[PDB]
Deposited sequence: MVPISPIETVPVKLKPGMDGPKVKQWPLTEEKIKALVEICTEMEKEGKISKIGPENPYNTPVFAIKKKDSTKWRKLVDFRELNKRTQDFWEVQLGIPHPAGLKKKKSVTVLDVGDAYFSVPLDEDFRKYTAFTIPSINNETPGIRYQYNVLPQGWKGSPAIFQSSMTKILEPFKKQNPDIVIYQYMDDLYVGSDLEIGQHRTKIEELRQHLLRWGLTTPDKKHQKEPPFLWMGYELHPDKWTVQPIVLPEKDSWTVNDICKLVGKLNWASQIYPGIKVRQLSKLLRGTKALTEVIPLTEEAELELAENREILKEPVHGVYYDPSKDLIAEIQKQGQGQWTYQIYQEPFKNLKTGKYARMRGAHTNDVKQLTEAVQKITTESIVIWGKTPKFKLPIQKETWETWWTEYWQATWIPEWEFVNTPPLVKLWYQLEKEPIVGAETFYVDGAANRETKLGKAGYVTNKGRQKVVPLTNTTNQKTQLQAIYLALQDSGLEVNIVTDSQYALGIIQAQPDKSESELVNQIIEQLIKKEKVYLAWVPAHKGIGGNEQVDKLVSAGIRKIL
């Protein structure tokens, strides 16, 4: 009595006509046995002459598996309504939970009458068969079954609002706050209700009890955790092993707090072959040892409690690594994680903290549908100065200051006006486009000019080098006039770190300076001493 979902092929296409591969004695004998059994059950019907279509049928006891590549790319596109999966942190505590594995899930939903003929079969000695139910591996089987199952459950969920039913590929999670005796009675009602539509589910004896291993999680009625993660204790590590290691402890990061993958992830840069034994760096080894210690004890998450307000405490792990603990009660956290990603080449703690907060907010809305009350390690005044003096429309929701040793702050600030009494440094650099024998230097009002040849440097690198010379050769207060927007843009962002080592050396030199003003003048306009600098840094590079 399940209403079929109309299906049709893409415009201009017709049902696949593929040749059947001559099966072997052990395959043909098994396949006919399967086909006869399904045919007697009504899941298959014989349409030989009126269905000039074919698909590859093979056995891989023996289990039939037909490859629907030809039909998968010719059927109309479907909308996978539920593409993602529920994070266990988003779930809610249930007194009793049961899992109903829907036996013959797809094979209980009839296929569109006008589409059955396109799913034709062919078995040699042949015999032709067509699917009267949703096939396995077909593009529309998951979406159609979910739609069909949802309509089957709506008249039961409506009658039982207390019961929470979650439907996945094959299994059906039916959670309830009812007692064990009462819950089992209600599950039987669902089992009978499903049986009315032909769907079959197992009995209590053949059912499964918690924990419920689901998509890598080990779900209990009251707590959740990732499945036991064991990291290899080998000596030599290859790119394949690092990829496994990084992925394994990325799964653990969402429950285990303080998981660092920055060093190990860096070892995957520049390596292509998976057999290349990576010489695990001391920093990578240090992180791996720390991660191993974190995984020594078992850490169990907690389920969402809508009656309470989510908190999201963020901690700074250093080197662009952040960790957050989303929780409602103290020390009992629903979910953890990390934000080690760096947006752009140049960033600072405050900008990274905002990005980490945004990432938590985005994942909190999908999981819980509400942003948490952040507890950031940044002073209110410190954040106020940043976003007020920043060119982006940055904003972070209601947050509170938490005093942790690794506080977030701006290591240096650039003056908004020229410094009186500070020697001015006009800095520029020209890089050859062929021999890459660039050059950088500075000219100051006190007749203190300097130049340093550079090699394998780019136009951009030379400009940053010219800035670095001024900071090196200046005092506590320096006025730098650079006619490059690249250097100005990078430094004005007030980064605390970056991939480039040239800019990093500048940052450690900007901090030492008690006052630094970085001006900007158009190039080639004869703007005072900037014209003189170009003469020094282009004598033997540009023309």
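- Unmodelled regions of the deposited chain sequence (numbering from residue 1, in sequence order): 1-5, 66-71, 137-142, 561-562.
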